[PDB]
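Undergrad: Residue numbers (the working numbering), protein chains in the order written: chain A, 77 to 307; chain B, 77 to 307; chain C, 77 to 307; chain D, 77 to 307; chain E, 77 to 307; chain F, 77 to 307; chain G, 77 to 307; chain H, 77 to 307.
Number of protein chains: 8
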Amino acid sequence: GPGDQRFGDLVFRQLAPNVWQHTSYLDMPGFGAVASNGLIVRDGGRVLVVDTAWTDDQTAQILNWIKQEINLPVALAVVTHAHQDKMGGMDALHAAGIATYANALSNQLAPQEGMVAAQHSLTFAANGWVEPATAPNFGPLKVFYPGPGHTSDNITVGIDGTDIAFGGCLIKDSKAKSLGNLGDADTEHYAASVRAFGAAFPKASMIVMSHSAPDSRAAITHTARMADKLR
Amino acid sequence: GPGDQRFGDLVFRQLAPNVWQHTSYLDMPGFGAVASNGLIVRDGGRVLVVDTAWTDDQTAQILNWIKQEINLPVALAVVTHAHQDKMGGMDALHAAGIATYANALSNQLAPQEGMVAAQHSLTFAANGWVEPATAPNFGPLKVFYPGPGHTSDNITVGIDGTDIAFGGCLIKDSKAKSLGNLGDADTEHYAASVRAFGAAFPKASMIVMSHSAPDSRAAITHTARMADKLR
Amino acid sequence: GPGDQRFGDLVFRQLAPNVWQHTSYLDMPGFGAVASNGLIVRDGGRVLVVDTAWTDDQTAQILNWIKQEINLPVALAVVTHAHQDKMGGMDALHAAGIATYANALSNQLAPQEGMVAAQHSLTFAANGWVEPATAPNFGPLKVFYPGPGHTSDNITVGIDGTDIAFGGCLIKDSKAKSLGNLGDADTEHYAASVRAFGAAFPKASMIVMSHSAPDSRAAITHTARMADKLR
Amino acid sequence: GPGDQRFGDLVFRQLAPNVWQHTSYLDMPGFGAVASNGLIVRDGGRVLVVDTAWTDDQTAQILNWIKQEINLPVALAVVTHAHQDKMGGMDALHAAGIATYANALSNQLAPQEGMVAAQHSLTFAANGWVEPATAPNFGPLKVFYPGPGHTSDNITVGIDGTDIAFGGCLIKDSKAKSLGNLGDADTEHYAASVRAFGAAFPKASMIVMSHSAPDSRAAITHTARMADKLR
Amino acid sequence: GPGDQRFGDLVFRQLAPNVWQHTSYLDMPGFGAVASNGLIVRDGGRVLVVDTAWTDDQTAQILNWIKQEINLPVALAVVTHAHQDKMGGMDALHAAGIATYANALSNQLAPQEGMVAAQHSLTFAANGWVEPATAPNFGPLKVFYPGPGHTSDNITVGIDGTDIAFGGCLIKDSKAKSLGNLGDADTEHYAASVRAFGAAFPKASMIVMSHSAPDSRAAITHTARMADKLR
Amino acid sequence: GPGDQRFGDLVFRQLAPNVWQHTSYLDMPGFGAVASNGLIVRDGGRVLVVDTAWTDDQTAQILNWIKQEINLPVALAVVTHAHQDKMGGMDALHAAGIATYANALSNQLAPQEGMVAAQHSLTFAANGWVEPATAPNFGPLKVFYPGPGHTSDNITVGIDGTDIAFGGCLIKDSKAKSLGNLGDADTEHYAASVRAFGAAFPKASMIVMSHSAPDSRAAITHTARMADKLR
Amino acid sequence: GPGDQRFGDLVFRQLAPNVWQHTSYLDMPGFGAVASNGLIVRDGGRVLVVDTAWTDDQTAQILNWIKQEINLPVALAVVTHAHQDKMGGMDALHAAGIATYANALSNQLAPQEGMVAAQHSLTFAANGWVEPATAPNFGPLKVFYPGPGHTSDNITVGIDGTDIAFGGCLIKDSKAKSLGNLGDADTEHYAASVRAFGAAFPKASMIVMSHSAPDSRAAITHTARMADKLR
Amino acid sequence: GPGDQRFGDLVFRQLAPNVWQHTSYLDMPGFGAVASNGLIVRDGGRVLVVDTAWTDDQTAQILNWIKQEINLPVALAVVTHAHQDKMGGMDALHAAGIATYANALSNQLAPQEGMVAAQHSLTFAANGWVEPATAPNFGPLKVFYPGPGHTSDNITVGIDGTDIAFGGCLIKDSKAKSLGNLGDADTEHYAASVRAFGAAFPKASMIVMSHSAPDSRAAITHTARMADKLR
Ligand SMILES: [Co+2]
Ligand SMILES: [Co+2]
Ligand SMILES: [Co+2]
Ligand SMILES: [Co+2]
Ligand SMILES: [Co+2]
Ligand SMILES: [Co+2]
Ligand SMILES: [Co+2]
Ligand SMILES: [Co+2]
Ligand code: NI
Ligand code: NI
Ligand code: NI
Ligand code: NI
Ligand code: NI
Ligand code: NI
Ligand code: NI
Ligand code: NI
Ligand code: NI
Ligand code: NI
Ligand code: NI
Ligand code: NI
Ligand code: NI
Ligand code: NI
Ligand code: NI
Ligand code: NI
Ligand code: NI
Ligand code: NI
Ligand code: NI
Ligand code: NI
Ligand code: NI
Ligand code: NI
Ligand code: NI
Ligand code: NI
Ligand code: NI
Ligand code: NI
Ligand code: NI
Ligand code: NI
Ligand SMILES: [Zn+2]
Ligand SMILES: [Zn+2]
Ligand SMILES: [Zn+2]
Ligand SMILES: [Zn+2]
Ligand SMILES: [Zn+2]
Ligand SMILES: [Zn+2]
Ligand SMILES: [Zn+2]
Ligand SMILES: [Zn+2]
């Protein structure tokens with residue numbers, strides 16, 4: 077004990093001595109309140125953020141929680157693709173003077189997706205790993221592009237020094253009944269991309285995702301199996 | 077009763093309490109007067125236009141008919157590809173201060189096709205549906221890119237709250253003897269694109285097209301069959 | 077009777093049968109709650125907005141008030157310069173699909189001022205009046221650039237069919253003790269610009285401004301006199 | 077004998093064995109039908125056009141008159157500034173495949189003036205004469221930029237081998253009561269620009285202008301005198 | 077009688093009452109003097125040029141021959157790809173004020189090929205035929221892009237009203253021992269492109285090419301057969 | 077005690093509990109070893125750097141000294157103009173992943189000055205103070221553009237919470253015999269710019285400059301007097 | 077005798093009367109000091125450089141060695157791909173005023189690879205050989221793009237008048253146990269690219285590479301065999 | 077003895093052991109054959125060229141003369157303004173692979189002047205001297221922008237190690253009757269610019285110019301006196 081901290085409209089669940097999952101909620105007609113998960117990482121003397129909340133106001137609340145509970149500057153934020161639940165709060169990050177990073181493709185896609193682009197673009201080598209020159213001061217954040225799946229631009233993040241890997245919206249939990257919103261999905265390459273994510277972080281035992289509590293590696297396998305049925 | 081209204085050089089046929097088909101004519105050496113069809117949609121307190129007439133003057137006549145018969149501001153116009161019969165009257169729309177929208181590819185293609193580009197570009201998700209952020213205030217207009225067919229950029233429009241779907245020049249009537257002008261056609265993907273249009277609006281029973289009176293879904297099937305013979 | 081309507085955190089004061097002043101408030105350390113004024117114009121079947129509120133949330137409240145009290149589409153919005161109290165709520169307008177307009181210089185200045193640029197740029201003739209081609213569907217809104225003053229980009233708006241002229245932050249009331257925030261001011265040309273505004277709308281008897289209740293033409297004279305002391 | 081030829085809605089007056097003045101009319105509320113004048117020049121085996129008519133349709137009529145009465149290809153057209161009466165018919169010229177030329181500033185100004193830009197830009201030396209490299213195949217057309225006056229971009233044309241100089245809208249006849257539309261005028265430099273035009277073509281005895289029948293050099297002097305009263 | 081006219085360093089052979097072949101020579105170490113052929117077309121009252129000579133000086137000689145023997149303005153020139161023998165004389169054309177046209181790809185390729193780009197870019201429909209809007213005043217010149225072969229950008233020209241088709245360097249004579257310079261060749265698509273050229277001008281009986289006297293359709297067949305051996 | 081710390085080839089002199097002056101040296105033929113001064117500021121949990129050293133290697137040594145003696149991340153660096161002694165070490169900062177800032181004009185000037193541009197551009201209001209939106213996380217660093225002097229782009233920095241103002245190369249000590257390198261100087265505005273710097277930081281009692289130990293406000297007065305003799 | 081010259085931190089081994097191999101070293105955690113090889117070519121009265129050293133300082137030492145041992149201007153440098161060991165010293169070359177050349181793709185890739193781009197871009201024909209117009213004054217340097225392998229942009233250089241071909245990092249020695257760093261490798265096309273290199277320089281008997289002493293053609297064969305196991 | 081060498085159509089006069097004046101001629105209707113002068117400088121092991129000849133062919137002859145009489149690579153060429161006599165032969169320099177340099181303004185002006193731009197742009201400090209970073213390997217060539225005169229872009233060159241300064245077309249000989257072609261002249265600043273040139277090279281005793289044999293400093297004084305009469 078104790079339990080997941082409620083701060084404002086958000087929930088923070090500590091996953092590791094230096095890692096927290098931030099959760100925000102959006103009301104969707106019929107589907108109740110839909111949770112979206114991101115991460116907060118303390119690395120020495122600075123905080124790293126993965127994904128925004130649904131909105132600018134919710135994202136501001138994240139920064140407030142950080143200030144109150146951690147009290148270290150937020151050095152940077154990386155967002156995992158151009159959808160509202162991951163990049164809906166970019167303005168809040170920028171207003172706070174936080175350097176933001178996204179896949180170059182995410183920034184390209186941002187206008188048509190109605191999102192505000194990140195200030196900096198990540199570029200990835202042919203093997204999927206981020207080119208280090210485009211990801212300065214990322215520290216323990218290992219960024220990997222597994223290929224097109226949930227979206228064309230979806231990227232994933234592993235946390236060095238932990239057993240945690242963040243699949244974002246590419247990954248669903250081990251009992252999910254569907255792959256959810258496939259509006260921007262690449263049905264052909266989805267399955268391969270899921271498995272590439274698993275191979276990129278072969279030792280991760282806690283898989284964090286956007287819309288379900290952290291699961292085991294079974295989440296990866298189950299998602300890839302659902303994705304096979306699309307091609 | 078009564079019949080199709082003649083206004084100036086144009087004909088307007090009411091298809092629904094809030095939908096009219098606008099028809100303009102161009103003299104083509106040998107082929108008599110060739111009709112081109114577009115749509116006019118009343119949605120609450122504003123009018124939406126699909127496609128221009130062959131010319132700027134004819135398009136001005138459309139706007140005049142709207143003012144006389146409907147008397148609501150034309151909020152926007154969407155044009156379905158970069159050919160004279162669909163975008164020949166862009167200048168008239170722009171002179172009237174009407175916001176115009178086309179497929180991004182249509183605007184790219186406009187100069188080589190001798191057309192004036194729309195002021196705004198539509199972008200489509202991988203599944204063919206327009207990204208909502210690029211189509212503000214479209215209301216009941218459901219815009220879908222079925223893939224290359226009549227042209228590389230041809231798009232289609234369904235009207236929510238009705239049984240009407242507009243195939244433009246992609247679709248021919250159920251007894252057409254050919255697919256017409258294939259000067260910019262994608263013979264390989266034409267058939268698949270036609271069928272994608274049909275699947276995108278599976279409940280539509282009135283199929284509107286550029287050069288023939290509204291037909292049934294048989295128009296879709298027959299067009300796809302003719303298109304099969306090209307690949 | 078009755079009095080100024082309170083809606084959410086905002087106040088709306090009707091100035092004319094088709095004109096309302098919208099007021100929003102921002103807490104400034106020491107200066108209490110500082111009011112910023114804009115305008116709302118009903119012109120036939122559509123609403124025109126002049127200036128946003130301080131914030132996106134407050135601006136959303138403006139749109140909500142319009143929907144409840146007027147129930148007509150907001151055809152466009154024009155913002156009078158790149159400062160928070162005039163352009164702080166651009167995102168809210170854009171999210172609502174409202175076409176936004178600003179001085180071309182305002183859009184140029186927006187990034188350095190930390191503002192979101194308008195979607196469309198206004199250009200002005202040498203005499204100060206907006207070039208009509210860049211201001212489509214403005215209706216009764218007569219837009220005039222009086223020259224540099226409060227800022228380099230500040231523009232003014234007269235409302236045809238009324239005795240109302242909006243000076244924005246260029247004009248202060250007839251008893252103001254100073255010209256306020258001169259952080260971006262052109263001290264040399266301020267006085268001349270104020271007088272140009274007065275001459276541009278010579279018949280206006282109700283002068284609306286950003287931070288004080290509507291005043292008479294004495295507001296113009298008094299502001300110009302204060303501005304003389306800067307050069 | 078005989079008199080000025082009426083062709084369609086236009087009037088053509090022969091000024092020289094190889095020069096005609098083309099006149100088109102636009103209805104202006106109160107000011108009756110307002111004439112705008114341009115020039116047509118036969119130079120050997122090709123026709124040169126100075127200025128369009130008010131509209132695209134009227135400009136098409138010019139080309140038709142040329143074909144019927146001269147029957148030589150229109151090698152090029154030069155337009156004298158970005159206003160409707162001079163550049164309102166650009167689309168007609170471009171549709172006919174005619175190479176169009178304007179002051180670089182005119183093309184820059186075209187969008188805000190609601191005009192279609194010329195395809196090619198003229199650049200002028202410090203002395204006001206067109207740089208020959210930017211005016212290929214102009215033949216007897218001597219193009220001169222006298223400085224800002226009626227507009228910032230207004231240019232003038234002399235016809236080599238004749239006593240004719242075209243002042244466009246910069247020049248008014250010797251009994252004009254005002255300088256007309258000063259909406260885009262440079263009141264400071266107008267007078268000097270008029271006199272520069274006169275000095276550029278010191279031997280011209282027939283001065284052609286936009287809105288009045290050809291006059292003598294008294295038109296230049298009288299215009300410059302009216303312009304003096306603006307500074 | 078009589079024979080092929082020698083003018084300066086060039087040879088002109090009349091192929092039709094309004095068509096001449098222009099030939100220029102360049103010394104290549106070992107291969108003697110290598111001839112390159114282009115075309116000259118009289119169409120009414122103007123001359124059309126296909127391809128330049130090897131050099132600017134030789135191209136100037138072409139223009140001089142035209143002036144002496146035809147005495148009509150050269151309305152335009154089209155060049156068939158970005159190699160020295162086809163575009164080596166662009167500067168001479170531009171100095172003479174002649175509007176030049178090339179495949180858009182040719183202009184893109186011009187810098188790396190050490191060529192001066194044409195002033196205007198031709199764009200081709202999916203079927204290979206030039207989009208008319210990009211080829212104004214081409215008259216009897218029917219321009220067709222057969223696909224990649226000799227180069228990626230090579231285009232071909234048929235002359236309406238004659239039995240002549242110009243294959244440029246894509247086509248070799250019916251007894252050629254090789255396809256010559258394949259330095260920029262597309263060995264995979266060469267054969268298909270040759271046959272597409274033949275199909276595009278199915279009635280042409282005189283096939284003109286760059287490096288050999290006009291041949292029959294056997295030149296097309298033989299070239300395609302040689303090209304088959306590359307894939 | 078004790079004295080100025082020697083670290084590598086550099087000297088660090090503590091000016092305040094959170095401010096150090098960094099000094100690097102470059103051998104100039106005849107003028108011995110020429111010192112260039114910058115600043116290092118500790119603000120809470122991060123370090124701020126003003127100006128680089130002469131070279132990349134020397135600048136790397138600065139970062140090493142910071143790590144050893146302070147052990148806090150360098151959040152950002154601001155450089156005061158595009159000359160070797162101020163921006164010669166940009167590559168070292170960028171290699172370390174440090175966000176760099178300069179006057180927009182400095183970045184514009186960087187190529188011609190042979191300098192590497194900063195990653196971010198500072199923009200200044202008309203009154204000379206930096207627009208806050210372009211200077212995120214600057215903390216106690218108050219950046220002011222005094223106008224052209226030593227160079228066109230020279231900027232100055234005050235340190236909030238101290239009596240220190242940094243004039244860079246604009247200011248010389250109170251006994252300097254000349255204004256030094258005037259190769260890029262604005263001789264007309266130099267004097268006024270010096271006095272503007274003094275007025276911008278009216279309470280500063282320790283004036284830090286590039287080439288001489290910290291002096292009093294007499295440095296400002298004396299520099300302005302020398303600058304008067306240039307106009 | 078004698079042996080390989082040690083100059084500063086570098087080693088120079090003469091391969092031919094006008095060719096030297098330059099070697100620089102970088103400490104890699106665990107892998108000892110890793111050598112990277114480039115070439116130096118004397119061609120008449122000027123020196124040509126292939127590849128930089130790991131660092132700017134090491135590259136400066138190369139230039140110093142050239143000055144001391146050869147004493148001819150370095151006309152140009154060509155770098156073989158965007159990695160530290162080949163382009164890490166670009167700044168040193170540029171500071172010395174040496175014209176630098178790289179594959180256009182290398183310059184495109186330079187930012188994401190953290191490299192400084194070359195000043196000029198090489199473009200290659202479809203057959204792999206450099207387009208001569210983009211490689212002026214290269215002399216005996218025959219530059220060939222074999223296709224993607226070690227990286228997407230890797231190019232190779234043969235030295236005319238010698239038996240030497242430089243494979244860079246594409247080629248490993250005849251007993252290498254792996255293909256080394258495959259972080260940016262194209263595993264699919266690597267093998268074919270290696271063999272293309274061999275075919276491009278079929279007579280070369282001394283194969284020079286980045287990380288091993290010059291070997292025979294067995295290096296090519298062995299590398300291609302290792303590369304086969306990747307696809 | 078002996079006299080000025082005639083090579084082809086050109087004359088070369090040796091001014092110093094390492095400096096030659098190159099002269100080319102162009103026939104101008106009435107003014108006989110007009111000479112234009114440039115310079116050739118041997119600096120160690122390479123040749124530097126100042127200005128081209130009137131034409132590409134004449135410029136090629138310059139390069140041929142250099143090869144025959146000096147036999148050293150031409151490292152670079154600098155051209156002194158965008159007029160035919162100074163930049164008419166740029167193509168010849170570029171074809172030979174010679175790096176060309178001009179005032180940035182000259183390159184900007186080149187298209188309108190009908191000139192081919194230099195490959196590299198020179199930028200000048202406020203004092204008129206070229207910024208060294210933009211003039212690599214210039215050696216003894218001291219380049220100075222004296223301000224607008226003959227043209228807006230005219231630059232001047234001094235030769236270190238000699239008593240020679242090249243004024244180009246800015247300077248006329250000590251008995252010239254006029255300032256010649258003032259078509260692009262700045263009549264206001266001409267005089268001051270001439271005197272600035274004189275002050276920039278205060279020790280030069282041989283003044284070289286475009287259209288007259290080398291003169292004394294009296295050429296400078298006399299030119300400045302003629303220029304005074306223009307303002
Ligand atoms: Co937002
Ligand atoms: Co039109
Ligand atoms: Co906002
Ligand atoms: Co038009
Ligand atoms: Co040429
Ligand atoms: Co550096
Ligand atoms: Co470097
Ligand atoms: Co040339
Ligand atoms: Ni940044
Ligand atoms: Ni990489
Ligand atoms: Ni695939
Ligand atoms: Ni499962
Ligand atoms: Ni818009
Ligand atoms: Ni989408
Ligand atoms: Ni396909
Ligand atoms: Ni059927
Ligand atoms: Ni205007
Ligand atoms: Ni002023
Ligand atoms: Ni008062
Ligand atoms: Ni053109
Ligand atoms: Ni000129
Ligand atoms: Ni003036
Ligand atoms: Ni009079
Ligand atoms: Ni087409
Ligand atoms: Ni293919
Ligand atoms: Ni055969
Ligand atoms: Ni500001
Ligand atoms: Ni000043
Ligand atoms: Ni003193
Ligand atoms: Ni270069
Ligand atoms: Ni090539
Ligand atoms: Ni492949
Ligand atoms: Ni082996
Ligand atoms: Ni400088
Ligand atoms: Ni001046
Ligand atoms: Ni004299
Ligand atoms: Zn998503
Ligand atoms: Zn069509
Ligand atoms: Zn303000
Ligand atoms: Zn006008
Ligand atoms: Zn070729
Ligand atoms: Zn400095
Ligand atoms: Zn590598
Ligand atoms: Zn000149």
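Note that CB positions come from ideal geometry on N, CA and C, so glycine has one too.
So with CB distances below 7 Å, who are the chain A contacts of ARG122/F?
TA: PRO149
Undergrad: Can you tell me which of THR128/E, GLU189/E, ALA268/E, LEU306/E puts its alpha carbon nearest to the alpha carbon of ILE174/E?
TA: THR128/E
Undergrad: Does any residue of chain F have a CB that is nearer than 8 Å to the CB of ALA272/C?
TA: So no, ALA272/C is outside the interface.
Undergrad: Using a beta-carbon distance below 8 Å, is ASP262/B in contact with chain E?
TA: yes
Undergrad: Looking only at C-alpha atoms, which of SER288/B, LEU148/B, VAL206/B sits nearest to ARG122/B?
TA: Of all alpha-carbon atoms in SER288/B, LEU148/B, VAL206/B, the one lying nearest the alpha-carbon of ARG122/B is that of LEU148/B.
Undergrad: So which residues on chain B does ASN203/C lean against when the C-beta distance must stay under 7 Å?
TA: Under the 7 Å cutoff, chain B gives no residues; its nearest Cβ is about 22 Å from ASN203/C.
Undergrad: Does the beta-carbon of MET104/G have 16 or more other beta-carbons within 10 angstroms, so that it is buried, or is it exposed?
TA: exposed
Undergrad: Bridge partners of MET282/C, per DSSP?
TA: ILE240/C
Undergrad: Leaving aside the five residues before and after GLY84/C along the sequence, list all residues of the same chain whose C-beta is less than 6 Å from its C-beta, in chain order.
TA: These residues qualify, in order along the chain: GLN137.
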